[PDB]
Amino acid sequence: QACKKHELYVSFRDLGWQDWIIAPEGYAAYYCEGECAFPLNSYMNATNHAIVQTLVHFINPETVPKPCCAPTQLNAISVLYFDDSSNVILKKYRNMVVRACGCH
C-alpha cells in the first residue's frame, strides 16, 4: 500500500476542453497514492520532517497523522490549440504531469 506514483490519463474530452485543443487528445498526468509509514524506504523519498512526524504519530496517533504521499516533481506539458481569432497556438502548462511521488 506503500506511497508510489500511479497511472492516470486525462482525455481532454473528459474535461470538456475537447474543442479548442488541436493536440494532444489527452496526456499521462499520473497521481501519487500510498501510505507513508515505517519502513520509510529511501526510494519513497521522505523529508526529515516526514520522519519526525511519522514518528511522533507512532508515539501518539491522536497527536498527528502520517505524512501524505504527494508529488515531489512536476513536469509541464504543451498543447496546441485554436485561440480566438483562429490563431493556432502552442501553450506550455507547467506542473501538469507527476514525475515522482514521496512522503513529505
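Quick note: we count residues from 1 along the sequence shown, nothing fancier.
A summary of the deposited B-factors shows that, of 74 to 82 and 51 to 59, the stretch with the larger mean C-alpha value is 74 to 82.
When the two stretches 8 to 16 and 84 to 92 are set side by side, the higher mean Cα temperature factor goes to 84 to 92.
In this PDB entry, the Cα temperature factor of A23 sits in the bottom third of its chain's modelled residues, the lowest group. Remark: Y43 belongs to the highest third of its chain, ranked by C-alpha B-factor as recorded.
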